[PDB]
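For reference, the structure discussed in these notes is given below.
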Amino acid sequence: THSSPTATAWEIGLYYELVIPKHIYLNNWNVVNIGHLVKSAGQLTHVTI
Amino acid sequence: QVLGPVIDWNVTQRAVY
Amino acid sequence: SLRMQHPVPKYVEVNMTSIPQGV
Ligand SMILES: *[C@@H]1O[C@H](CO)[C@@H](O[C@@H]2O[C@H](CO)[C@@H](O)[C@H](O)[C@H]2NC(C)=O)[C@H](O)[C@H]1NC(C)=O
Ligand SMILES: *[C@@H]1O[C@H](CO)[C@@H](O[C@@H]2O[C@H](CO)[C@@H](O)[C@H](O)[C@H]2NC(C)=O)[C@H](O)[C@H]1NC(C)=O
């Protein structure tokens, strides 16, 4: 906004985005599906939920 | 149309000695 | 002379547990 050899001035525009939480969850586990093998009419088959 | 197998993830049930 | 190898018994303990629904 101003530029002398002994003086300066600047302006900065900052925009902020604050997420407001509804609930916070701390003690958490990841799921790992393993399933089960089934041997049916000769064929081996992997079964999963 | 026959009834098929049942699975219940019980290890103790499938023990072989 | 006659060298031989006689088998002698031993064992290792192995515990196993289940995983309900396979999860
Ligand atoms: C898992 O399998 C075992 C073995 O089939 C079950 O344990 C038996 O339960 C019966 C009663 O329902 C007892 O009479 C037997 O003595 C038990 N056997 C042994 C080796 O412990 C067990 O109930 C099954 N189900 C679960 C959920 O564990
Ligand atoms: C692992 O478990 C086995 C069970 O088979 C232990 O075997 C026993 O070892 C002792 C010697 O300390 C023998 O006197 C017993 O007869 C064995 N028990 C059996 C065959 O039922 C073995 O010692 C264990 N190993 C370790 C490293 O702890």
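Every chain in the structure tokens takes a letter, A first, then B, and so on in the order presented; its residues are numbered from 1, and the ligands are numbered from 1 following the presented order.
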
Do you know which residues are within 9 Å of ligand 2 using only C-alpha atoms and all ligand atoms? Can you write them as an mmCIF file with N, CA and C atoms, in the first residue's frame?
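Contents of selection37.cif, freshly written:
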data_model
loop_
_atom_site.group_PDB
_atom_site.id
_atom_site.type_symbol
_atom_site.label_atom_id
_atom_site.label_comp_id
_atom_site.auth_asym_id
_atom_site.auth_seq_id
_atom_site.Cartn_x
_atom_site.Cartn_y
_atom_site.Cartn_z
ATOM 1 N N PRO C 9 11.208 -89.734 21.427
ATOM 2 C CA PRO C 9 10.074 -88.769 21.483
ATOM 3 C C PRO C 9 10.317 -87.313 21.935
ATOM 4 N N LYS C 10 9.412 -86.394 21.562
ATOM 5 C CA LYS C 10 9.476 -84.950 21.968
ATOM 6 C C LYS C 10 8.139 -84.287 21.605
ATOM 7 N N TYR C 11 7.959 -82.984 21.854
ATOM 8 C CA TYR C 11 6.650 -82.336 21.570
ATOM 9 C C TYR C 11 6.723 -80.809 21.671
ATOM 10 N N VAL C 12 5.869 -80.060 20.940
ATOM 11 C CA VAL C 12 5.787 -78.565 21.049
ATOM 12 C C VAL C 12 4.333 -78.150 21.305
ATOM 13 N N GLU C 13 4.079 -77.334 22.318
ATOM 14 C CA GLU C 13 2.695 -76.921 22.680
ATOM 15 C C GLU C 13 2.179 -75.902 21.659
ATOM 16 N N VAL C 14 0.919 -76.026 21.229
ATOM 17 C CA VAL C 14 0.288 -75.175 20.178
ATOM 18 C C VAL C 14 -1.124 -74.792 20.614
#

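Residues in contact with region 4-12 of chain B at up to 12 Å, not including ones fewer than 5 positions away on its chain and judged by only C-alpha atoms, are residues 34, 35, 36, 37, 38, 39, 40, 41, 47, 48 and 49 of chain A; 17 of chain B; 15, 16, 17, 18, 19, 20, 21, 22 and 23 of chain C.
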
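The space between atom 16 (O, counted along the ligand's line) of ligand 1 and CA of residue 15 (chain B) spans 13.1 Å.
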
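In this structure, CA of residue 16 (chain B) sits 16.1 Å away from atom 9 (O, counted along the ligand's line) of ligand 1.
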
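If you look at atom 4 (C, counted along the ligand's line) of ligand 1 and CA of residue 45 (chain A), they are 24.4 Å away from each other.
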
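Comparing A:14, A:21, A:8, A:46 by their smallest distance to chain C, the closest is A:46 (using only C-alpha atoms).
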